[PDB]
Amino acid sequence: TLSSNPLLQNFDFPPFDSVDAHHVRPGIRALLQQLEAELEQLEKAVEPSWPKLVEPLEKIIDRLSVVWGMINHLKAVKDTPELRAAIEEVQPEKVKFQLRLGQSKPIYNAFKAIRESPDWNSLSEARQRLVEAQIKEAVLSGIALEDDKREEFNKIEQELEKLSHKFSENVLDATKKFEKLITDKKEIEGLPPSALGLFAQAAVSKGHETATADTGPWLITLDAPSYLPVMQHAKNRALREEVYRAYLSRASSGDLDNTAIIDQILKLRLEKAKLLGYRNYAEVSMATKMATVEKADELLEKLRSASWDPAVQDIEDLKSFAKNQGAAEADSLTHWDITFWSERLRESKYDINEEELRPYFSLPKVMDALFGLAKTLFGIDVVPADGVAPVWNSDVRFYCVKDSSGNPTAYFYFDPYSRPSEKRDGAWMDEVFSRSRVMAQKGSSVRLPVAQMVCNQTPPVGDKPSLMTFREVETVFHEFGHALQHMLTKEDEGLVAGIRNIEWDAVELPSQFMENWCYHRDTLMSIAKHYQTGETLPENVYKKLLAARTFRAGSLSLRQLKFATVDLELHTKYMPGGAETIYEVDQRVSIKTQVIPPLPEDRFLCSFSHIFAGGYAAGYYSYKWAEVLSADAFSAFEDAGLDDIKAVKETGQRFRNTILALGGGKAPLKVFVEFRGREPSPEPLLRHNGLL
Ligand SMILES: [Cl-]
Ligand SMILES: [Zn+2]
């Protein structure tokens with residue numbers, strides 16, 4: 001009877017129209033039995049050959065991926081509580097099997113044998129990348145350690161996970177300990193209607209039955225949706241100072257302090273690095289990155305240098321502006337004022353009325369322009385293919401991406417319109433199938449890749465089309481660039497195709513790339529035509545759009561560089577338990593990266609959850625790294641001449657055949673240099689943001 005389950009079928013496109021929640025529990029449990037059985041069959045027959053290792057392994061990997069991705073996609077677009085319940089129940093079993101599969105010593109040893117064979121030197125670059133990936137994944141999880149040190153390793157990992165939770169609880173507890181009840185209406189000046197509703201119902205929840213946004217008893221807290229409005233809008237400088245000092249000192253001292261827990265984490269990370277043979281934990285992280293410690297250190301310093309003079313200007317802009325507005329805070333601005341005064345200056349000079357911007361951005365026009373841009377640049381025709389694949393909502397479109405010669409390269413689904421009953425908000429790209437030699441049906445040489453695009457516009461009603469914000473357009477462009485790398489991959493080795501096996505810090509290249517075209521004049525002014533007037537976007541809106549992009553770039557850059565730099569400092573060159581302390585790192589890096597010096601009491605590290613509780617340890621640089629790559633990749637088109645459409649096609653064709661084509665079967669610095677002609681520069685990024 002499992003025979004009838006859609007998830008267990010051999011399908012050509014996933015059965016999105018026909019899977020219900022009651023199939024999930026039986027089908028995922030059944031699939032996991034099949035795959036567990038097929039893994040054991042694999043392990044009994046392993047040889048260091050493609051047909052006896054990598055091809056069997058891909059088949060397991062791929063089927064779990066495709067099916068799990070199907071049902072998990074249905075949860076984001078066709079959500080029911082029965083479906084959530086079913087997925088949250090089988091998810092642990094799934095992940096236990098994933099763990100099992102990677103821990104396979106027969107498979108590890110077989111890959112190791114591939115690596116050590118003479119045959120290695122005949123293997124293709126992509127196959128070598130694949131093998132090295134499997135080895136490196138296994139090794140860095142400890143599999144290569146001998147049993148005593150594997151136990152030490154596992155004990156280190158376990159204590160680290162404990163410490164990371166204790167870190168996170170200390171921040172969360174220190175965040176929620178602050179409660180400030182305002183009763184005087186004068187003290188609550190400036191705060192928006194939303195914030196006042198929040199703080200009033202925050203007061204109601206703590207007993208103040210009558211509390212109202214208007215009337216008062218407003219309870220202010222240090223959590224994000226309370227903290228942000230206070231720093232941006234509370235005219236009350238005392239309340240701004242209050243909430244600032246509290247926030248920058250969560251977990252700074254007391255029974256709730258993280259300062260020793262940090263040092264513990266950093267010590268155990270060093271023990272982990274040394275068992276794996278690396279000097280420091282940054283070296284371990286960088287073992288799977290495009291960057292290196294030295295190159296990341298180099299880049300971040302380059303950015304910090306160029307960003308600094310802009311950042312001091314940004315402060316003088318505020319002191320100037322607040323003098324104009326007559327505040328006694330001017331000439332005396334410090335931390336709790338900056339967020340506020342920035343917003344005030346925003347509102348004055350750089351502000352764009354998004355209701356008189358929406359009429360110009362109509363969804364069907366936007367998507368046409370996007371697909372036409374993709375034809376111009378990359379040589380592909382996006383063509384309606386509605387009815388080839390089954391669908392979960394009548395509005396979901398299905399497109400074939402055809403190459404220059406008329407053959408399909410890839411297919412994608414598009415789900416445009418918001419359904420807040422059943423559908424997650426926002427926009428995303430997701431993967432349906434990867435491109436694969438192995439997973440091709442008989443007669444075909446490759447299975448073609450398949451992708452999801454999703455967004456969340458209000459559907460068209462009457463005269464009015466689905467209008468978009470500029471930011472929504474920007475996000476659809478970004479997400480289409482992930483989709484394009486997934487779909488226009490030419491790599492047939494399927495564990496390494498698409499975006500698979502692209503080093504984290506390089507993954508956001510094609511996507512951050514595609515956003516640049518939204519600020520490109522001629523592209524934007526082709527899109528931006530008023531749905532009723534016909535008229536292009538007014539030229540003063542365009543100029544303001546651009547002005548807004550660059551606004552506090554130097555201050556912004558420096559803030560990100562604080563985090564990126566302290567993260568590498570702490571994991572590179574700090575000795576835990578040694579001469580210098582955590583706070584001397586905190587202050588020493590803050591001098592280099594923060595124009596107004598920290599107050600004492602400011603302990604930003606004790607709240608820096610990203611690197612102590614989350615997964616960005618020795619990885620926070622990654623944000624700015626990918627930003628550098630994408631800006632620079634765009635400057636190839638700037639150099640070629642953005643108005644010479646032959647030059648844009650030539651440069652785009654080469655992008656198509658590098659960044660988008662090669663997947664993870666070539667190291668990213670090699671792929672980037674193959675496109676760009678040289679190694680990456682921060683100049684373009686700095687120039688586009690106005691810092692050089
Ligand atoms: Cl992103
Ligand atoms: Zn992205």
# chains A, B, ... in the order shown; residues from 1 in each chain; ligands from 1

$ residues_around --residues "residue 637 (chain A)" --least-positions-apart "2" --cutoff "12 Å" --atoms "only C-alpha atoms" --output "ChimeraX atom specification"
/A:377,513-514,516-517,520,630-635,639-655,675-676,684

$ residues_near_ligand --ligand "ligand 1" --cutoff "8 Å" --atoms "only C-alpha atoms and all ligand atoms" --output "compact mmCIF listing (two decimals) with N, CA and C atoms, in the first residue's frame"
# COMPACT_ATOMS: atom_id res chain seq x y z
N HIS A 478 17.93 39.49 -7.09
CA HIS A 478 18.89 38.72 -6.31
C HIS A 478 18.64 37.23 -6.33
N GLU A 479 17.39 36.89 -6.11
CA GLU A 479 17.01 35.50 -6.00
C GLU A 479 17.05 34.82 -7.35
N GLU A 508 27.18 33.88 -2.66
CA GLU A 508 26.34 35.06 -2.86
C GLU A 508 26.89 35.99 -3.94
N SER A 511 23.99 36.32 -7.15
CA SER A 511 22.82 36.96 -6.62
C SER A 511 23.05 38.42 -6.28
N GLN A 512 24.04 38.71 -5.43
CA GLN A 512 24.42 40.10 -5.20
C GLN A 512 24.83 40.83 -6.47

$ residues_around --residues "region 3-12 of chain A" --least-positions-apart "6" --cutoff "9 Å" --atoms "only C-alpha atoms" --output "list in words"
residues 18, 19, 20, 23, 24, 26, 27, 28, 30, 31, 67, 70, 71 and 389 of chain A

$ write_last_selection --atoms "N, CA, C and O atoms" --output "PDB file, in the first residue's frame"
ATOM      1  N   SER A  18      -0.527  16.572  -5.585  1.00  0.00           N
ATOM      2  CA  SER A  18      -1.101  15.300  -5.166  1.00  0.00           C
ATOM      3  C   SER A  18      -0.530  14.731  -3.886  1.00  0.00           C
ATOM      4  O   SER A  18      -0.922  13.639  -3.485  1.00  0.00           O
ATOM      5  N   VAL A  19       0.359  15.467  -3.229  1.00  0.00           N
ATOM      6  CA  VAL A  19       0.895  15.042  -1.937  1.00  0.00           C
ATOM      7  C   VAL A  19       0.079  15.756  -0.871  1.00  0.00           C
ATOM      8  O   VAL A  19      -0.042  16.983  -0.892  1.00  0.00           O
ATOM      9  N   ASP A  20      -0.467  14.972   0.046  1.00  0.00           N
ATOM     10  CA  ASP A  20      -1.141  15.465   1.240  1.00  0.00           C
ATOM     11  C   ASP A  20      -0.295  15.127   2.438  1.00  0.00           C
ATOM     12  O   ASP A  20       0.579  14.258   2.396  1.00  0.00           O
ATOM     13  N   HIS A  23       0.614  11.545   3.555  1.00  0.00           N
ATOM     14  CA  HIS A  23       1.637  10.786   2.860  1.00  0.00           C
ATOM     15  C   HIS A  23       3.006  10.974   3.481  1.00  0.00           C
ATOM     16  O   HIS A  23       3.890  10.136   3.267  1.00  0.00           O
ATOM     17  N   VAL A  24       3.182  12.063   4.230  1.00  0.00           N
ATOM     18  CA  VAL A  24       4.508  12.476   4.674  1.00  0.00           C
ATOM     19  C   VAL A  24       5.107  11.500   5.671  1.00  0.00           C
ATOM     20  O   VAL A  24       6.171  10.939   5.421  1.00  0.00           O
ATOM     21  N   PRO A  26       4.246   8.215   6.613  1.00  0.00           N
ATOM     22  CA  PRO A  26       4.561   6.926   6.012  1.00  0.00           C
ATOM     23  C   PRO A  26       5.623   6.979   4.934  1.00  0.00           C
ATOM     24  O   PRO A  26       6.520   6.137   4.930  1.00  0.00           O
ATOM     25  N   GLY A  27       5.565   7.991   4.068  1.00  0.00           N
ATOM     26  CA  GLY A  27       6.467   8.034   2.929  1.00  0.00           C
ATOM     27  C   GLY A  27       7.902   8.364   3.287  1.00  0.00           C
ATOM     28  O   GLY A  27       8.816   7.658   2.863  1.00  0.00           O
ATOM     29  N   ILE A  28       8.117   9.376   4.129  1.00  0.00           N
ATOM     30  CA  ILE A  28       9.466   9.649   4.609  1.00  0.00           C
ATOM     31  C   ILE A  28      10.028   8.502   5.432  1.00  0.00           C
ATOM     32  O   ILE A  28      11.199   8.160   5.257  1.00  0.00           O
ATOM     33  N   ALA A  30       9.215   5.338   5.033  1.00  0.00           N
ATOM     34  CA  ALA A  30       9.467   4.312   4.023  1.00  0.00           C
ATOM     35  C   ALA A  30      10.700   4.560   3.166  1.00  0.00           C
ATOM     36  O   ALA A  30      11.469   3.634   2.880  1.00  0.00           O
ATOM     37  N   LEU A  31      10.866   5.824   2.775  1.00  0.00           N
ATOM     38  CA  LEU A  31      12.008   6.281   1.991  1.00  0.00           C
ATOM     39  C   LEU A  31      13.293   6.102   2.759  1.00  0.00           C
ATOM     40  O   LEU A  31      14.291   5.633   2.211  1.00  0.00           O
ATOM     41  N   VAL A  67      13.063  14.559  -2.479  1.00  0.00           N
ATOM     42  CA  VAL A  67      11.805  14.289  -1.787  1.00  0.00           C
ATOM     43  C   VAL A  67      11.650  15.166  -0.559  1.00  0.00           C
ATOM     44  O   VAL A  67      10.594  15.780  -0.360  1.00  0.00           O
ATOM     45  N   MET A  70      10.888  18.627  -1.734  1.00  0.00           N
ATOM     46  CA  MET A  70       9.496  18.687  -2.161  1.00  0.00           C
ATOM     47  C   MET A  70       8.529  18.954  -1.023  1.00  0.00           C
ATOM     48  O   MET A  70       7.724  19.889  -1.083  1.00  0.00           O
ATOM     49  N   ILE A  71       8.592  18.111   0.008  1.00  0.00           N
ATOM     50  CA  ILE A  71       7.617  18.262   1.086  1.00  0.00           C
ATOM     51  C   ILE A  71       7.890  19.510   1.907  1.00  0.00           C
ATOM     52  O   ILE A  71       6.971  20.181   2.382  1.00  0.00           O
ATOM     53  N   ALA A 389       4.709  20.520 -16.002  1.00  0.00           N
ATOM     54  CA  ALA A 389       4.856  20.069 -14.631  1.00  0.00           C
ATOM     55  C   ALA A 389       3.600  20.406 -13.828  1.00  0.00           C
ATOM     56  O   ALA A 389       3.015  21.484 -14.026  1.00  0.00           O
TER      57      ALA A 389
END

$ residues_near_ligand --ligand "ligand 2" --cutoff "12 Å" --atoms "only C-alpha atoms and all ligand atoms" --output "JSON, numbers by chain"
{"A": [427, 428, 429, 430, 474, 475, 476, 477, 478, 479, 480, 481, 482, 483, 484, 485, 499, 504, 505, 506, 507, 508, 509, 510, 511, 512, 513, 514, 515, 623, 626, 627, 630]}

$ write_last_selection --atoms "N, CA, C and O atoms" --output "CSV table (one decimal), in the first residue's frame"
chain,number,residue,atom,x,y,z
A,427,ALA,N,10.6,36.5,-0.4
A,427,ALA,CA,10.9,35.9,-1.7
A,427,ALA,C,12.1,35.0,-1.5
A,427,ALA,O,13.0,35.3,-0.7
A,428,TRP,N,12.1,33.9,-2.2
A,428,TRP,CA,13.2,32.9,-2.1
A,428,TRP,C,13.4,32.2,-3.4
A,428,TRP,O,12.5,32.2,-4.2
A,429,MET,N,14.6,31.6,-3.5
A,429,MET,CA,14.9,30.7,-4.5
A,429,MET,C,15.1,29.4,-3.8
A,429,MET,O,15.6,29.4,-2.7
A,430,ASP,N,14.7,28.3,-4.5
A,430,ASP,CA,14.9,27.0,-3.9
A,430,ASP,C,15.2,26.0,-5.1
A,430,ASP,O,15.0,26.3,-6.2
A,474,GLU,N,14.4,44.4,-6.3
A,474,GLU,CA,15.8,44.1,-6.0
A,474,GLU,C,16.0,42.7,-5.4
A,474,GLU,O,16.9,42.0,-5.8
A,475,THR,N,15.0,42.3,-4.6
A,475,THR,CA,15.1,40.9,-4.0
A,475,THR,C,14.8,39.9,-5.1
A,475,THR,O,15.5,38.8,-5.1
A,476,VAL,N,13.8,40.1,-5.9
A,476,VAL,CA,13.5,39.1,-7.0
A,476,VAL,C,14.7,39.0,-8.0
A,476,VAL,O,15.1,37.9,-8.4
A,477,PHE,N,15.4,40.1,-8.3
A,477,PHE,CA,16.6,40.1,-9.1
A,477,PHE,C,17.7,39.3,-8.4
A,477,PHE,O,18.3,38.4,-9.0
A,478,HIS,N,17.9,39.5,-7.1
A,478,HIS,CA,18.9,38.7,-6.3
A,478,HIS,C,18.6,37.2,-6.3
A,478,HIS,O,19.5,36.4,-6.5
A,479,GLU,N,17.4,36.9,-6.1
A,479,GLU,CA,17.0,35.5,-6.0
A,479,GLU,C,17.1,34.8,-7.3
A,479,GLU,O,17.5,33.7,-7.4
A,480,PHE,N,16.7,35.6,-8.4
A,480,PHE,CA,16.9,35.0,-9.7
A,480,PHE,C,18.4,34.7,-10.1
A,480,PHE,O,18.7,33.8,-10.9
A,481,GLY,N,19.3,35.4,-9.4
A,481,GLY,CA,20.7,35.1,-9.7
A,481,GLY,C,21.2,33.8,-9.1
A,481,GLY,O,21.9,33.1,-9.7
A,482,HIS,N,20.6,33.5,-7.9
A,482,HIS,CA,20.8,32.1,-7.4
A,482,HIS,C,20.2,31.1,-8.3
A,482,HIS,O,20.8,30.1,-8.6
A,483,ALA,N,19.0,31.4,-8.8
A,483,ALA,CA,18.3,30.5,-9.7
A,483,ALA,C,19.1,30.3,-11.0
A,483,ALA,O,19.4,29.2,-11.4
A,484,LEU,N,19.6,31.4,-11.5
A,484,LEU,CA,20.5,31.3,-12.7
A,484,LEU,C,21.7,30.5,-12.5
A,484,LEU,O,22.0,29.6,-13.4
A,485,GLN,N,22.4,30.6,-11.4
A,485,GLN,CA,23.5,29.7,-11.2
A,485,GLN,C,23.2,28.2,-11.0
A,485,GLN,O,23.9,27.4,-11.5
A,499,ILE,N,25.1,25.0,-7.6
A,499,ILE,CA,25.6,25.8,-6.5
A,499,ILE,C,26.3,24.8,-5.5
A,499,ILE,O,26.8,25.2,-4.5
A,504,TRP,N,31.2,28.8,0.9
A,504,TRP,CA,30.2,29.7,1.4
A,504,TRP,C,30.3,31.1,1.0
A,504,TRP,O,29.4,31.8,0.5
A,505,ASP,N,31.5,31.7,1.2
A,505,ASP,CA,31.8,33.1,0.9
A,505,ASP,C,31.8,33.4,-0.6
A,505,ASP,O,31.7,34.6,-0.9
A,506,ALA,N,31.7,32.4,-1.5
A,506,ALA,CA,31.5,32.7,-2.9
A,506,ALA,C,30.0,32.5,-3.3
A,506,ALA,O,29.7,32.7,-4.5
A,507,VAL,N,29.2,32.0,-2.5
A,507,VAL,CA,27.8,31.6,-2.9
A,507,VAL,C,26.9,32.7,-3.3
A,507,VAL,O,26.0,32.6,-4.2
A,508,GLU,N,27.2,33.9,-2.7
A,508,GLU,CA,26.3,35.1,-2.9
A,508,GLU,C,26.9,36.0,-3.9
A,508,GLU,O,26.5,37.1,-4.1
A,509,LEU,N,27.8,35.5,-4.8
A,509,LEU,CA,28.3,36.2,-5.9
A,509,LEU,C,27.2,36.5,-7.0
A,509,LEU,O,26.9,37.7,-7.2
A,510,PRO,N,26.6,35.5,-7.7
A,510,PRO,CA,25.7,35.8,-8.8
A,510,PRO,C,24.4,36.5,-8.4
A,510,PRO,O,23.9,37.3,-9.1
A,511,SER,N,24.0,36.3,-7.2
A,511,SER,CA,22.8,37.0,-6.6
A,511,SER,C,23.1,38.4,-6.3
A,511,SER,O,22.4,39.3,-6.8
A,512,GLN,N,24.0,38.7,-5.4
A,512,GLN,CA,24.4,40.1,-5.2
A,512,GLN,C,24.8,40.8,-6.5
A,512,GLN,O,24.6,42.0,-6.6
A,513,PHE,N,25.4,40.1,-7.4
A,513,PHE,CA,25.6,40.6,-8.8
A,513,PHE,C,24.4,41.2,-9.4
A,513,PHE,O,24.3,42.3,-9.8
A,514,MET,N,23.3,40.3,-9.5
A,514,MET,CA,22.1,40.7,-10.2
A,514,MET,C,21.4,41.9,-9.7
A,514,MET,O,20.7,42.6,-10.4
A,515,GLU,N,21.6,42.2,-8.4
A,515,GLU,CA,21.0,43.4,-7.8
A,515,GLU,C,21.5,44.7,-8.4
A,515,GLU,O,20.8,45.7,-8.5
A,623,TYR,N,30.4,38.0,4.6
A,623,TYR,CA,29.4,39.0,4.1
A,623,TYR,C,30.0,40.0,3.2
A,623,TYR,O,29.7,40.1,2.0
A,626,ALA,N,31.8,38.5,-0.1
A,626,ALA,CA,30.9,38.2,-1.3
A,626,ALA,C,30.5,39.5,-1.9
A,626,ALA,O,30.3,39.6,-3.2
A,627,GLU,N,30.3,40.6,-1.1
A,627,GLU,CA,30.0,41.9,-1.5
A,627,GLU,C,31.1,42.5,-2.4
A,627,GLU,O,30.8,43.0,-3.5
A,630,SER,N,31.0,40.5,-5.9
A,630,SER,CA,29.9,40.8,-6.7
A,630,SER,C,30.0,42.2,-7.3
A,630,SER,O,29.8,42.4,-8.5

$ residues_around --residues "region 42-48 of chain A" --least-positions-apart "4" --cutoff "7 Å" --atoms "only C-alpha atoms" --output "ChimeraX atom specification"
/A:38,52-53,56,106-107,110-111,113-114

$ residues_around --residues "region 281-286 of chain A" --least-positions-apart "6" --cutoff "8 Å" --atoms "only C-alpha atoms" --output "list in words"
residues 140, 269, 270, 272, 273, 292, 293, 568, 571, 572, 617, 618 and 619 of chain A

$ atom_distance --atom1 "CA of residue 412 (chain A)" --atom2 "CA of residue 662 (chain A)"
19.6 Å

$ residues_around --residues "residue 208 (chain A)" --least-positions-apart "5" --cutoff "10 Å" --atoms "only C-alpha atoms" --output "ChimeraX atom specification"
/A:200-203,216-219

$ select_by_dssp --residues "region 239-328 of chain A" --states "alpha helix (DSSP H)" --output "number ranges by chain"
A: 239-247, 259-275, 281-285, 293-324

$ closest_residue --among "A:394, A:1, A:409, A:594" --to "residue 315 (chain A)" --atoms "only C-alpha atoms"
A:594

$ atom_distance --atom1 "CA of residue 683 (chain A)" --atom2 "CA of residue 616 (chain A)"
25.6 Å

$ select_by_dssp --residues "region 46-278 of chain A" --states "strand (DSSP E or B)" --output "number ranges by chain"
A: 179-182, 212, 216, 218-221

$ residues_around --residues "residue 230 (chain A)" --least-positions-apart "2" --cutoff "9 Å" --atoms "only C-alpha atoms" --output "number ranges by chain"
A: 190-191, 195, 220, 226-228, 232-236, 239-240, 243, 340

$ closest_residue --among "A:489, A:458, A:444, A:305" --to "residue 420 (chain A)" --atoms "only C-alpha atoms"
A:458

$ atom_distance --atom1 "CA of residue 65 (chain A)" --atom2 "CA of residue 433 (chain A)"
8.4 Å

$ closest_residue --among "A:403, A:277, A:551, A:304" --to "residue 563 (chain A)" --atoms "only C-alpha atoms"
A:304

$ closest_residue --among "A:14, A:565, A:40, A:381" --to "residue 68 (chain A)" --atoms "only C-alpha atoms"
A:14

$ closest_residue --among "A:441, A:469, A:175, A:376" --to "residue 355 (chain A)" --atoms "only C-alpha atoms"
A:469

$ closest_residue --among "A:624, A:347, A:145, A:691" --to "residue 314 (chain A)" --atoms "only C-alpha atoms"
A:691
